[PDB]
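The chain below stands alone and is given as structure tokens, in the form deposited without the ligand.
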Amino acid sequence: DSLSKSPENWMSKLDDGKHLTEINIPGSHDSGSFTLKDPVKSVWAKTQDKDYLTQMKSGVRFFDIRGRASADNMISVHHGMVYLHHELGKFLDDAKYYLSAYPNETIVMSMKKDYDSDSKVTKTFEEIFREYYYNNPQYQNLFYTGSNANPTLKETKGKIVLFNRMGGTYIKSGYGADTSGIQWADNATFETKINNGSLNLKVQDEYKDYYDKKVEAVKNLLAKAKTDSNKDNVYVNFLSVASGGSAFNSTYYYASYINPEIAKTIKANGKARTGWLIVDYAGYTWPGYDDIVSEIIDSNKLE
């Protein structure tokens, strides 16, 4: 059976000698927004409908968590100003559970501040993440704590690998875990060196594009990954796009065109390097269209 027919443990089927950068990994953009039910607000703030555990079951391994410091010991998951009805502990417990049940998968967790801290907060978002999550004895062993800048699948599986969008950090393991952090350019395709120059990060995050220009930006980066066998290069390609302006000009609406379109392209390419592709409505299927998550999964080679 091709890898996508068992999306719950597809990483277990790969060679764990690979660097995670070389693996083609599906991600979910604003992973935690499956909690939104308000139909007006969901048009622009809702980007998923499957919970964390279902996303993981359908094969998602890169989770995009953006949050807000809501107390000196607490981070809330958010889409900008919109609170997604749970705290970061919730994603961490679900991940731990999942990783316990499927011990040969790794999760990459992107952490970003999306909104101003509660007025009672006296500490930085980075400091609260570092002290009350990363170093919290409660989540002991959950995170990747190695000193490898380019970790392999063997040394991370069973664990969450931090992908640091918080700015400079005193955290020392995972991508961008140094006091420079990741220099992220707004609404752009860009490249920046991370981890004391060990890695070359290549990002297409043109989140305000109209869909047609989005496809073209997604494809351009896709075609760069294809012919790049450098393991020190890491590709992050966001399919997802901001809402257009009316009702039913929704992120869903665009994803329903972008996903099948990109999924088609990856499939026609066979087993080429794709990078990490971060999507809205991961695991949402339309009768008669290629599935983006499945196609990312199957683009990985098996030797």
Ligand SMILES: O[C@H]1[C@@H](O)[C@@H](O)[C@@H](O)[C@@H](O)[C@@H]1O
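Sequential numbering from 1, following the sequence displayed.
Keep in mind the form deposited with the ligand bound is missing from the figure; the text below concerns it.
- Contact with the ligand in the bound PDB entry, defined as a heavy atom within 4.5 Å, is made by none of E22, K202 and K226.
- In the bound PDB entry, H29 approaches the ligand with a heavy atom inside 4.5 Å.
- Contact annotation: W184 falls within 4.5 Å of the ligand in the bound PDB entry, judged by heavy atom distances.
- Taking non-hydrogen atoms only, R66 approaches the ligand to within 4.5 angstroms in the bound PDB entry.
- The closest non-hydrogen atom of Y207 lies within 4.5 Å of the ligand in the bound PDB entry.
- With the partner removed from view, the residue among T274, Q55, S33, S240 that has a non-hydrogen atom within 4.5 Å of the ligand in the bound PDB entry turns out to be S240.
- Of the residues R165, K96, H78, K157, just one reaches the ligand in the bound PDB entry with a heavy atom at 4.5 Å or closer; this is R165.
- Residues of 109-129 that come within 4.5 Å of the ligand in the bound PDB entry, judged by any heavy atom, reduce to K112 alone.
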